[PDB]
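Here is the structure we will look at.
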Amino acid sequence: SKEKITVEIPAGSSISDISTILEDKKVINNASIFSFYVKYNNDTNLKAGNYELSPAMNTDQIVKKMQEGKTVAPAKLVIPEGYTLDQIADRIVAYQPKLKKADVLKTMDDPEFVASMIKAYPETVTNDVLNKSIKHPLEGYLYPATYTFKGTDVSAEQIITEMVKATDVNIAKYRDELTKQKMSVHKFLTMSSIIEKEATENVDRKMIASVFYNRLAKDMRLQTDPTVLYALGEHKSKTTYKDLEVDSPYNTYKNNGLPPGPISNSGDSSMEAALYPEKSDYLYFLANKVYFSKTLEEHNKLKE
Amino acid sequence: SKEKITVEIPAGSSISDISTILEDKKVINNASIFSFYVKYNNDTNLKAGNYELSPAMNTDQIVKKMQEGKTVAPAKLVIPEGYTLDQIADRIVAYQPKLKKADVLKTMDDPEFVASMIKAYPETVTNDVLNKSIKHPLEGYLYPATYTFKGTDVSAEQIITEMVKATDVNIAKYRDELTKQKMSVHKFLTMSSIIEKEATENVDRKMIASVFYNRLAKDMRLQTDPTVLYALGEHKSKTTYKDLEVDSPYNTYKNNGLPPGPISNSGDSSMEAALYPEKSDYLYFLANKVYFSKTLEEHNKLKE
Amino acid sequence: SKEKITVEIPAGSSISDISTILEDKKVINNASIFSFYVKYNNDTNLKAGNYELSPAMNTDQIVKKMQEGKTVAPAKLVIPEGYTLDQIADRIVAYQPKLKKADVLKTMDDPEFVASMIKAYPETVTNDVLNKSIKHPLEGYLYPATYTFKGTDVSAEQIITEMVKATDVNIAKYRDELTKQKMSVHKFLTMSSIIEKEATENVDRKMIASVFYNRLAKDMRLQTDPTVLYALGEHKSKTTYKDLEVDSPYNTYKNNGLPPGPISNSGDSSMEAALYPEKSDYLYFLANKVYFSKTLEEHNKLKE
Amino acid sequence: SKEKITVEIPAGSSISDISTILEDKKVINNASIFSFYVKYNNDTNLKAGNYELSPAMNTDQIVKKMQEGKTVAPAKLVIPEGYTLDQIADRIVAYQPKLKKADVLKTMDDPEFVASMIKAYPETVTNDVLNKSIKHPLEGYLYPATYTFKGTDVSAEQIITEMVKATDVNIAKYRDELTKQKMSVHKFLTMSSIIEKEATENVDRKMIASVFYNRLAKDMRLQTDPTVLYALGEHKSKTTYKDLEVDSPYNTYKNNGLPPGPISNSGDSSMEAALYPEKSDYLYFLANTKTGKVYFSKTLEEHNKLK
Amino acid sequence: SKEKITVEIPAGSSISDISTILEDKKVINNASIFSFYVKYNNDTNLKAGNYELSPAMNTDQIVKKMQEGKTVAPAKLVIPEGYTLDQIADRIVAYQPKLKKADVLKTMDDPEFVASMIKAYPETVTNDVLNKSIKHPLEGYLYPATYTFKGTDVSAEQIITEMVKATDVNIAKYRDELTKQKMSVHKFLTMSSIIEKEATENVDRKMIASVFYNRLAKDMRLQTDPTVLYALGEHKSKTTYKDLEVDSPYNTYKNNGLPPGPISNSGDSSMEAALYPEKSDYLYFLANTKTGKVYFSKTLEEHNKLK
Amino acid sequence: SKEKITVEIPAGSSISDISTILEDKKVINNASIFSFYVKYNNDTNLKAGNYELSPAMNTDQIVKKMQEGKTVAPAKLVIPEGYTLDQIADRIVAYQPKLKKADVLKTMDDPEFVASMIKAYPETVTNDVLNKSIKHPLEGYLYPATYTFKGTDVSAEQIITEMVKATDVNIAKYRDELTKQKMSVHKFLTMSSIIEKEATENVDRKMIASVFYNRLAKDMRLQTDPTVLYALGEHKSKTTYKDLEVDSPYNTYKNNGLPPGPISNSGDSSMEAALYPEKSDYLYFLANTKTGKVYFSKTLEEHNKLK
Ligand SMILES: [Cl-]
Ligand SMILES: [Cl-]
Ligand SMILES: [Cl-]
Ligand SMILES: [Cl-]
Ligand SMILES: [Cl-]
Ligand SMILES: [Cl-]
Ligand SMILES: [Cl-]
Ligand SMILES: [Cl-]
Ligand SMILES: [Cl-]
Ligand SMILES: [Cl-]
């Protein structure tokens, strides 16, 4: 009654994770033993979410409540900012384990599914996503936020649709300014993503933005590493010299202008940054504390 | 529904084997714990075969499905080529564990059971198997292949009968050529078995056959080791000099001609080899790469 | 049906013992795990006896069959020869665990129970057992043999009564010879017990008997160690010099003649020995091979 | 030769907590079996912190590192913006483990140590820091940067001195403007700090600064939460109502003007804002408790409306 | 003194997989208890391969051999027929563990190493191996036999040289026939190889050879699967339809003639077949996907009928 | 300082078997936990035999003794009555472990060793032992007693010699009677042995002896089971019907007279019986398969009636 304890099970939680949350919250006495019960009975299909449980509630009543998903708040699909479709796919299958990563990736790039989004969100997803130079059409169109779903075994299509919708809803406030600058949504999101992937912790994004706009204006290549990493389709730390020679239109070391599309989704500061850049004469920047230099010399003479 | 996983349990699988296949296939989380469940409840009578299972299927529902043998494909009794009745008996009891090896061996050599085969497969099993010099009448008559059975607790007689039948069915294609060369089935199978036991991996069986026919024709003893090993009734690696003195009609070091019967069952290449030997003047061969020498000298001068 | 396995559980078997017999006989796969099941469910009241069990019989069906005592042959109370009432009491409580040793010992020496035996078996248990010099009246009257009982929670009185009855039944054959030599049952059993406790493995009991009769006849004390050990009420190996001074009528080092009664029950050879001693002039003997010497000197000069 | 996984064990973590983090991070295979090891051997004295572990690392070694507390020692001493002396003390202890937190705090506030700084950097640290109402004299005077030391048992005094020197060196460019506006280094760093703690990453700090100056010129209290939190010497995110009543000169809800000194150190961004604010009519500001987008409103009603 | 059981741990085997193989092979008694040992001690870095273990061998030793990967080192280097340079590279590494697979492959294809062979064995390895269209110049030139080396850190070059020398020595008997038919050693070894990969043990290779020659004389492509598999540098059993479309001069479904070079080494049986085929009218052949009995049919219809 | 418990591990004991005997004997507390230790460490090579263990003895030591087979070594070599050479061989090996059973048996039957005994003890071991029909020449000639040896690696020959010497010394008292009855030492020891194996402890051996002599004088076969069992070289309790048909001169069901030699050694009791039997008309005897009380009946019917 008033002896209730509210536990929170994040999406993608292992059996040990669940067991340990239950012990931390005093619902059960020993995490190992609960893990043993689960594996012994093969009750591994536990649903994430928030549950109202009580101490000395029989182990089977607990497990059964979790297998039936009788929650007080649903499981949370958290999609962070700076994520590629591939990374988002990892989260989706960790959240809805009956889905397989290869199928989710197939749906995201499916011509018929992509066309449905173009039709359903015409002012956000346009024919621009169909450029043959783009690797994955919806890259950058799945918005960073937490999502929940009421259905059972929800499809990858339903899940992805909500992430496109959130993008449509959340950039509505930027729409008049996009029209004022005659900037397509696609380019807006492209610029935001390159700003997103370079932006450190507390670094000023509006300055980073100004460096990229300044370079576009003077016909200098953006020479931004996260685009090369994206072309090679990998989420690694550094980029070697051999990587700088990757033959891809996303390679901003060998191609002038913005890449064919975004390389990830973006946060609001990166979006504000793209639309309202700072006015400066900076053409270079180095990350870690971020030093903006305005000449060829100052930058090269600012190593170590 | 579409969440089904097909698992395959080979005949003779231990509890650990079963447990591990279940973990490999993602039906259960932990092999040790399933092993523990089985032994704790004493549910050790699990039937081999193929099952349609799903993840998070309760452990008892899994075990119960395996105890009742509710399979999508039956258990497979695999009898390899080059096997003696004794080895086949090992497989039979591993496949149908309510049978005891001593009883299976008794049935194989039972006068009344042997006579029934002579009557049921008259063109394959003839009075030749009744020669008092033969150790085990049906040696070589149980064909190498995979067998399945629908009945419950099938008798050793039913099982053995099918292996005799398969021999009858599969040598039907060689029957006209046997008549053409006036070669009894018994001798055909005898020759095939000695070819089978000498044949290495990729060695040419038709040459080995020609050496044995050449020796028969010149009244030389076959001097083939697997026959001595057979006489001593053991499945060992080497044959010592004291073994070469075993007093048995199967001993081709002390008796001229083919032994009284086969020393094992044979594959199709060994059978083709027996009926269609190569024409050559080779009288010796040494195994490991197989070198055929055509004179007394060349062989002795080809050691190490 | 024909898959039955007969297991034998001796009286006094621990849980490990039971578990191990079940594994040895192939009824279960693992003794430890069965032990775990028993202790986990607290099903420790398993009845000894012989059971018809089968492999893959569910653990609970096995335990339940043993808790209900549904045996094919009852539990065996084995009483060996050369046992004191105290040792017999150990066996009784190990066989019928609801009884307590202190109560069983109380019943054995109870005046009213002793009198009932005198009344029920008048030609075997007589007033001689009431001599105030006797430590335990029925000492030696409980016969060595295996006993079984059909009742539930049988009383110590019922159990002891059967051991007195067996003595009455089994010495019936010696009765005419006892009358011929005018030897009371009490003395007969007393002599048998001292012969029983000295008798080694293959030593001749009729010679030992003759030494004790020879000593009685010449008024020499029997000087037999097991009587001193009995007086001190202990089942130990050796007897120190301080033990030889125990002030008890059972002490045959300080009292002439037979002790007041038996110091244990006896086997048939010891009984035959008491009634039909050998004729000799031996007055001493030393145990280990047993050397009988006929003079004071020969014995003392036969150490080490 | 081996791959290194950094794991973090939070303070107050139970044995199950630790086991499960190891399994999550793929250093061990099974959290239960690890819990059993710890209990069986009775190795329950496991220290919280950051460790560099390897998968397949023998269980004994893992446990032995946590028992002894052989945690990740940073190659360099990094001091970020918006940090108080207490937090700097942590980064210092983490970097030079032979030093104890209590001593480093004492050195910071040691009258003789503070007097030596007033003597060594007279243009930067002046008698202003000795004002009776200041909690910690050098609060705000240890510059945010990356420092390294050649020495072996580097003392807290040596380290702190390098941070005070960095401040002195790095504000040299603002000297001319400070002299022109007649703003003391102390009031300068005070504004900078209240600006620093109120700005999310991308916020326009020059507007935040203008609000404060506007309030200051209009005799309106600054009412900035970070100053309340600093008053309580507490590193939390939100302030309660009871906190707003705290008796302290640092409480800008109860006192007009700037607090007696800075509440943290500041980045160049904030320093520029302090000296070069924007000329505007804004007197209120609110950052979304979601996006971190700062909205400046001219009047009290406009501000309240944003709930 | 002790009995030795060889166990095989396949690549990608889980801990349960390993435990159960040990129990199956009777090296340990209980797979569960072994899994627990591995997890408790955190000895999860167990290398795949072949090991010589003994029953009753202390658990620590077992695990220690697998961790260190102290696998069965063959006394001799055996190279069977039908092997490609990649497979020879494995047998070499297994035999001389100090050598790495990547280097052995590089040596095989090293322009300077190949030129040295053309110089050392001029009657056997000629400029033919330097044809632009060949994947690996020495493919087919390393003879199948058993080799042994007295040396200590025998180099890949020494080893490969002995195999090339064996080829040179062992084809000496075919020289006279090659000269008479004017068949280069290179085309000789090419035929031999396509014959080798198409014959089950007992099949009549001289008929297989006649089919190929017949097709060759009739301008019919050889359409032999093994050449397609070799084109993909893949050691599988069956070829899919997508594989038959692979763009490569080695693809005998898309190009007439023999491939640019051999696809493996060959046994004497195949070599005889190449030089002494049977005179016949067969143009197709099919081996049972069951018995391995090869059926030669004269026409296209007769062939198709065997499904 | 410590209490010692002797435990016995029978041949073919499983790990559970061993664990449970240890628990029964109170050397360990819990059979399960011990089984787990054995399996976890993979110490499954536990030798059968008799061990002196102590309670609280560290588990590792217990297991280590059984692995190495460091069993209870008797201080002295005791040879009881009714023992055959095979059984004596066991007592010898148990006492002097460096010796192997197969060698001790060979020495016993070694022609040169036997000839040396015929030479060293000519009054006792004569050419009679070399009779073609005897299984083991010295069967019955190794006296039952307790022996001890000062030597270090005492040989089987030295040991056997002492037992043959004991026989020679200890039958000296019967010499005069043997000469008077003209009974060879060999027939003497033969009777003694068949008398020995047929007597329970307290049975009157002089009556058993009279039966045999009576049968012998009446040309009735002795039909004594122990001779049949000895014929089969088997140490069992009961003889089956198939055993009674065994082809051997030792089989007294198929041959008249005494067997070719003794079937074991004998105690003085049996020896006296052989030389001084009782004069009686008994021709049959039966010992209860319960009490071991021997009943002698004069005729065939009286005997059969006792079923
Ligand atoms: Cl607990
Ligand atoms: Cl697990
Ligand atoms: Cl087991
Ligand atoms: Cl349980
Ligand atoms: Cl349960
Ligand atoms: Cl696990
Ligand atoms: Cl086991
Ligand atoms: Cl442990
Ligand atoms: Cl341990
Ligand atoms: Cl316990």
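Order determines the names: the first chain of the structure tokens is A, the second B, and so forth; residues in each chain are numbered 1 upward, and ligands are numbered 1 upward as they are shown.
Contacts with ligand 10 are defined as any residue atom within 9 Å of a ligand atom, using only C-alpha atoms and all ligand atoms; the residues meeting this criterion are residues 29, 30, 31, 32 and 33 of chain F.
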- May I ask you to extract the residues of chain C within 8 Å of chain B, using only C-alpha atoms, and to give them as a list in words? residues 3, 28, 29, 30, 33, 34, 37, 55, 56, 57, 58, 59 and 60 of chain C
Taking the DSSP assignment computed from this structure's backbone, write out as number ranges by chain all residues of segment 118-299 of chain F that belong to strand (DSSP E or B).
F: 146-147, 284-287, 294-297
Atoms kept (C-alpha atoms) for selection, written as a compact mmCIF listing (two decimals), in the first residue's frame:
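Final output, saved to out12.txt:
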# COMPACT_ATOMS: atom_id res chain seq x y z
CA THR F 146 54.92 -62.41 10.67
CA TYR F 147 58.20 -61.49 9.02
CA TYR F 284 30.37 -86.46 3.93
CA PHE F 285 30.35 -83.05 5.61
CA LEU F 286 28.40 -79.83 5.31
CA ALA F 287 28.90 -76.46 7.00
CA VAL F 294 29.98 -78.57 10.54
CA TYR F 295 27.73 -81.65 10.38
CA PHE F 296 29.33 -85.01 9.49
CA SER F 297 27.03 -87.71 8.07
I'd like the contact shell of residue 186 of chain A - 9 Å cut-off, only C-alpha atoms, skipping same-chain residues fewer than 3 positions apart - returned as an NGL selection string. :A and (124-126 or 128-129 or 140-141 or 183 or 189-191 or 260-262)
Preceding selection exported with N, CA, C and O atoms as an mmCIF file, in the first residue's frame:
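In the end it all went to out.cif:
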data_model
loop_
_atom_site.group_PDB
_atom_site.id
_atom_site.type_symbol
_atom_site.label_atom_id
_atom_site.label_comp_id
_atom_site.auth_asym_id
_atom_site.auth_seq_id
_atom_site.Cartn_x
_atom_site.Cartn_y
_atom_site.Cartn_z
ATOM 1 N N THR A 124 9.770 19.187 -44.103
ATOM 2 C CA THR A 124 11.011 18.814 -43.428
ATOM 3 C C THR A 124 11.876 17.858 -44.239
ATOM 4 O O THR A 124 13.046 18.105 -44.453
ATOM 5 N N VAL A 125 11.302 16.748 -44.666
ATOM 6 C CA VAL A 125 12.026 15.791 -45.481
ATOM 7 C C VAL A 125 11.586 16.036 -46.918
ATOM 8 O O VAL A 125 10.436 15.779 -47.246
ATOM 9 N N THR A 126 12.490 16.545 -47.758
ATOM 10 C CA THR A 126 12.173 16.848 -49.158
ATOM 11 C C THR A 126 12.986 15.979 -50.105
ATOM 12 O O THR A 126 13.812 15.169 -49.667
ATOM 13 N N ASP A 128 15.526 16.523 -51.553
ATOM 14 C CA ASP A 128 16.954 16.689 -51.336
ATOM 15 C C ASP A 128 17.607 15.431 -50.728
ATOM 16 O O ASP A 128 18.798 15.186 -50.931
ATOM 17 N N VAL A 129 16.843 14.645 -49.968
ATOM 18 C CA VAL A 129 17.395 13.445 -49.341
ATOM 19 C C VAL A 129 17.613 12.328 -50.351
ATOM 20 O O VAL A 129 18.181 11.290 -50.007
ATOM 21 N N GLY A 140 20.525 12.288 -40.059
ATOM 22 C CA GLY A 140 20.316 13.607 -39.466
ATOM 23 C C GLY A 140 18.869 14.014 -39.273
ATOM 24 O O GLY A 140 18.594 15.035 -38.649
ATOM 25 N N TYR A 141 17.938 13.217 -39.782
ATOM 26 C CA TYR A 141 16.518 13.549 -39.662
ATOM 27 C C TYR A 141 15.807 12.922 -38.455
ATOM 28 O O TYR A 141 14.657 13.251 -38.174
ATOM 29 N N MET A 183 17.670 29.078 -46.854
ATOM 30 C CA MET A 183 18.478 27.912 -46.554
ATOM 31 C C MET A 183 17.570 26.700 -46.478
ATOM 32 O O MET A 183 16.617 26.700 -45.707
ATOM 33 N N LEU A 189 20.461 21.292 -41.603
ATOM 34 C CA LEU A 189 20.830 20.138 -40.783
ATOM 35 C C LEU A 189 22.242 19.655 -41.074
ATOM 36 O O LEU A 189 22.909 19.128 -40.187
ATOM 37 N N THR A 190 22.709 19.836 -42.306
ATOM 38 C CA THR A 190 24.057 19.405 -42.654
ATOM 39 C C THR A 190 25.054 20.229 -41.853
ATOM 40 O O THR A 190 25.924 19.688 -41.197
ATOM 41 N N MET A 191 24.889 21.547 -41.897
ATOM 42 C CA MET A 191 25.777 22.468 -41.186
ATOM 43 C C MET A 191 25.737 22.225 -39.682
ATOM 44 O O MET A 191 26.759 22.265 -39.011
ATOM 45 N N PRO A 260 27.274 16.154 -48.935
ATOM 46 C CA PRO A 260 25.934 15.945 -49.525
ATOM 47 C C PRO A 260 24.765 15.935 -48.533
ATOM 48 O O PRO A 260 23.598 16.051 -48.938
ATOM 49 N N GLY A 261 25.078 15.771 -47.254
ATOM 50 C CA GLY A 261 24.068 15.755 -46.219
ATOM 51 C C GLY A 261 24.680 15.679 -44.845
ATOM 52 O O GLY A 261 25.898 15.639 -44.709
ATOM 53 N N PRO A 262 23.839 15.635 -43.804
ATOM 54 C CA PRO A 262 24.359 15.562 -42.438
ATOM 55 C C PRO A 262 25.104 14.273 -42.180
ATOM 56 O O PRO A 262 24.853 13.269 -42.843
#
**OP:** When you get a sec, could you note down which chain D residues fall within 8 Å of chain A, using only C-alpha atoms, as a list in words?
**Re:**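 Those within range of chain A come out as residues 16, 17, 20, 31, 32, 35, 200, 201, 202, 291, 292 and 293 of chain D.
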(Q) I'd like the contact shell of residue 62 of chain E - 12 Å cut-off, only C-alpha atoms, skipping same-chain residues fewer than 3 positions apart - returned as a VMD selection string. (A) (chain E and resid 7 18 to 19 22 27 to 28 34 37 to 38 43 46 to 47 51 to 59 65 to 71) or (chain F and resid 40 to 42)
Discussion item. For segment 161-165 of chain C, find every residue with an atom within 7 Å (counting only C-alpha atoms), except residues of its own chain fewer than 4 positions away, and show them as a ChimeraX atom specification.
Written reply: /C:141-143,157,169
When you look at segment 212-226 of chain A with a cut-off of 7 Å (counting only C-alpha atoms), what residues show up, excluding the ones that are within fewer than 3 positions of it in the same chain? I need them as a PyMOL selection string.
chain A and resi 197+208-209+229-230+239+252-253+255-257+283
Produce a file of the selected residues containing N, CA, C and O atoms, as a PDB file, in the first residue's frame.
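Just written: again-v5.pdb:
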ATOM      1  N   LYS A 197      29.595  17.703 -34.423  1.00  0.00           N
ATOM      2  CA  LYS A 197      30.705  16.778 -34.273  1.00  0.00           C
ATOM      3  C   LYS A 197      32.050  17.418 -33.900  1.00  0.00           C
ATOM      4  O   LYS A 197      32.925  16.732 -33.409  1.00  0.00           O
ATOM      5  N   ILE A 208      32.635  28.333 -34.177  1.00  0.00           N
ATOM      6  CA  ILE A 208      32.922  27.216 -35.063  1.00  0.00           C
ATOM      7  C   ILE A 208      32.104  27.420 -36.343  1.00  0.00           C
ATOM      8  O   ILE A 208      32.630  27.339 -37.434  1.00  0.00           O
ATOM      9  N   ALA A 209      30.826  27.736 -36.189  1.00  0.00           N
ATOM     10  CA  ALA A 209      29.960  27.979 -37.332  1.00  0.00           C
ATOM     11  C   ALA A 209      30.549  29.068 -38.206  1.00  0.00           C
ATOM     12  O   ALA A 209      30.664  28.897 -39.413  1.00  0.00           O
ATOM     13  N   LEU A 229      35.655  10.544 -41.124  1.00  0.00           N
ATOM     14  CA  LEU A 229      35.259   9.400 -40.290  1.00  0.00           C
ATOM     15  C   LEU A 229      33.883   8.881 -40.727  1.00  0.00           C
ATOM     16  O   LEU A 229      33.664   7.672 -40.829  1.00  0.00           O
ATOM     17  N   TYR A 230      32.958   9.803 -40.990  1.00  0.00           N
ATOM     18  CA  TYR A 230      31.640   9.420 -41.447  1.00  0.00           C
ATOM     19  C   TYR A 230      31.741   8.681 -42.783  1.00  0.00           C
ATOM     20  O   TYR A 230      31.118   7.644 -42.946  1.00  0.00           O
ATOM     21  N   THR A 239      42.013  10.329 -37.031  1.00  0.00           N
ATOM     22  CA  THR A 239      41.975  10.134 -38.470  1.00  0.00           C
ATOM     23  C   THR A 239      43.413  10.213 -38.991  1.00  0.00           C
ATOM     24  O   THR A 239      44.086  11.239 -38.852  1.00  0.00           O
ATOM     25  N   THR A 252      35.443  16.258 -46.856  1.00  0.00           N
ATOM     26  CA  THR A 252      35.631  17.712 -46.972  1.00  0.00           C
ATOM     27  C   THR A 252      37.102  18.123 -47.034  1.00  0.00           C
ATOM     28  O   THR A 252      37.422  19.306 -46.923  1.00  0.00           O
ATOM     29  N   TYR A 253      38.001  17.153 -47.169  1.00  0.00           N
ATOM     30  CA  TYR A 253      39.396  17.477 -47.391  1.00  0.00           C
ATOM     31  C   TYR A 253      39.637  17.449 -48.886  1.00  0.00           C
ATOM     32  O   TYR A 253      40.531  18.134 -49.364  1.00  0.00           O
ATOM     33  N   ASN A 255      36.843  17.681 -51.237  1.00  0.00           N
ATOM     34  CA  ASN A 255      35.722  18.344 -51.923  1.00  0.00           C
ATOM     35  C   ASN A 255      35.397  19.696 -51.307  1.00  0.00           C
ATOM     36  O   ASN A 255      35.396  19.827 -50.079  1.00  0.00           O
ATOM     37  N   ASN A 256      35.119  20.697 -52.140  1.00  0.00           N
ATOM     38  CA  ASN A 256      34.726  22.003 -51.625  1.00  0.00           C
ATOM     39  C   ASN A 256      33.251  21.972 -51.219  1.00  0.00           C
ATOM     40  O   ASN A 256      32.489  21.118 -51.676  1.00  0.00           O
ATOM     41  N   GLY A 257      32.861  22.893 -50.346  1.00  0.00           N
ATOM     42  CA  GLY A 257      31.473  23.005 -49.910  1.00  0.00           C
ATOM     43  C   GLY A 257      31.022  22.024 -48.836  1.00  0.00           C
ATOM     44  O   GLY A 257      31.808  21.223 -48.319  1.00  0.00           O
ATOM     45  N   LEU A 283      39.485  31.692 -39.736  1.00  0.00           N
ATOM     46  CA  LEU A 283      39.480  30.669 -40.788  1.00  0.00           C
ATOM     47  C   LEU A 283      39.955  29.302 -40.275  1.00  0.00           C
ATOM     48  O   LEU A 283      39.868  28.306 -40.988  1.00  0.00           O
TER      49      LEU A 283
END
Shell of 12 Å around residue 161 of chain F, only C-alpha atoms, local chain residues under 6 positions omitted, as an MDAnalysis selection string = chainID F and resid 107:108 113:114 116:121 125 138 141:143 147 149 154:155 167:168
